[PDB]
């Protein structure tokens, strides 16, 4: 029995950094949606356990904010405007899975704030929150400064928009089981580990980000995780808590790492260049994602 499914989301579903990309040569090339993202791999796995997903659309795309679910996404450099992701839903859609949220909080703006290196031209969307405040001071800015209230404002828009995401799904695909996928843990409980470069790497997991800012960044990820859990519980959705189980598969777990480093090379080649991971899941991280999601779908379909 086919289970009509829609995959949606941001760079953590599109799996920015994994190549080859789908639609290489068309407008959606700028989505940086790998051919083998967690949705692709989860369908495979499930198929050989006998769960047959009839995938109707996989509209995840890098840089998607929560409201891109209901608004047009503008791709970089004039590629175009993509239709709202909600448009992929059908009345007969029975399963919807994706990760939306990090870009509404502006986890990218928090990384760029904490790093001068990230403040120079890159393929990571966003602007520092306080661009005059200095990179090196970022763990103060967010903990005691202006950043600290900025965060409570971002977190309030997040809570409101996730509820709205969940209600629009409910509205267009009334029979759909909703699966909100969480983000993998970026920084480990023991930050000392980030002080080493990963076997074979020359740059540190988080480049120039002050070591002191490292535990704040995790605090903020935890938070976003609790916001996503809540939103799902209150909205009738299921949640895949990737954060709780990637505690030893962070960006700082050397060779067991499931997050490529900030400046580490991804598999993405633009002219004759590798594009950095920018802290997105790597191959290992993508298999965890796949495994955990496939796990959860299986559970829910039984």
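Positions refer to the first chain, counted from 1.
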Give the stretch, out of 218-226 and 195-203, with the larger mean C-alpha temperature factor in the deposited entry.
195-203
Averaged over C-alpha atoms, is the B-factor higher for 158-166 or for 178-186 in this PDB entry?
158-166
Return the residue from 269, 234, 36, 256 that has the highest Cα B-factor in the entry.
269
Per the PDB entry, maximal CA B factor within 139, 83, 98, 126:
139
When the modelled residues of the chain are sorted by Cα temperature factor, does residue 285 land in the lowest, middle or highest third?
middle
Ranked against its chain, the third holding the CA B-factor of residue 103
lowest
Against its chain's modelled residues, does residue 245's Cα B factor rank lowest, middle or highest third?
lowest
Ranked by Cα temperature factor within the chain, is residue 122 in the lowest third, the middle third or the highest third?
highest
Looking at the temperature factor on the CA atom of residue 274, which third of the chain's modelled residues does it land in?
highest
